[PDB]
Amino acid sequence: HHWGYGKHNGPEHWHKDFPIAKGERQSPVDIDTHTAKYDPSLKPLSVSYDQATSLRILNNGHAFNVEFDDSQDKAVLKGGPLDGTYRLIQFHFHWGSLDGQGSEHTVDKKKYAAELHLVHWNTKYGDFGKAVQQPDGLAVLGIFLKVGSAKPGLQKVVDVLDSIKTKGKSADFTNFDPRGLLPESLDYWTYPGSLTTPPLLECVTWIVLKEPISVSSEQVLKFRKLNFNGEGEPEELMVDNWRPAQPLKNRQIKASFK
């Protein structure tokens, strides 16, 4: 009985094996655009993905991960609410069975068709492992996806999904440039949160971009063709692999824009 997104192992069940699920700084959260406050103290955000090196893509039975070589200081995120340097280790998506849902974070309760998460760990901690043991060990850049025009930079990921249909499958995936997944504006909302999947560790400084990127219906449709199950097992389409908004509690969401 592993955690998942179904009726018996979904988000409402996670708290049992991971009690932190009802903790003080859980993610995602609804972003009330009116209560969020512009924060002058925020330094401009710096996203340097020019030397990013993807290695492979994997279907972990929950979503698919495009992994990067974080052994050197290549793809890094800095500035903004962040202190020091954060290194890109991987990115993945959360999407729905329908365009009307899929994103984890919401803006004034609005749910986007999907959400992109670029995961980075604080280099002051050496590696990813030691970083997820720190309140500021991680920084995740979240980008909303809506259905409309196709996103050219995403097609390479799309055409490769066929090779990793089922849980456990992986395929080499080099030279993928994540800069092709970024919207025009770096305007964002930021707050202290956690991983949205178990172990739901509260080590994350979330940075959610205001401007969503648009992908085509055909692109998101292929995401939906993926499987939760492993090869040779009953087909369970990989859809609605998103955790709903959690209590904001003792927190304030700051805006990088006025």
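All residue numbers are counted from 1 along the displayed sequence.
Averaged over CA atoms, B-factors in the entry run higher in 81 to 89 than in the other of 81 to 89 and 97 to 105. Checked against the record, the higher mean CA B factor of 24 to 32 and 62 to 70 lies with 62 to 70.
In the PDB entry, the Cα temperature factor peaks, among 216, 197, 46, 190, at 46. When the C-alpha B factors of 165, 120, 146, 156 are read from the deposited coordinates, the top value falls at 165. In this PDB entry, the Cα temperature factor of residue 131 sits in the middle third of its chain's modelled residues. Among the modelled residues of its chain, residue 111 has a C-alpha B-factor that falls in the lowest third, as given in the PDB entry. When all modelled residues of the chain are sorted by CA temperature factor, residue 19 is found within the middle third. In the deposited entry, the Cα temperature factor of residue 140 sits in the bottom third of values across the chain's modelled residues. Residue 205 sits in the lowest third of its chain by CA B factor, as recorded in the PDB entry.
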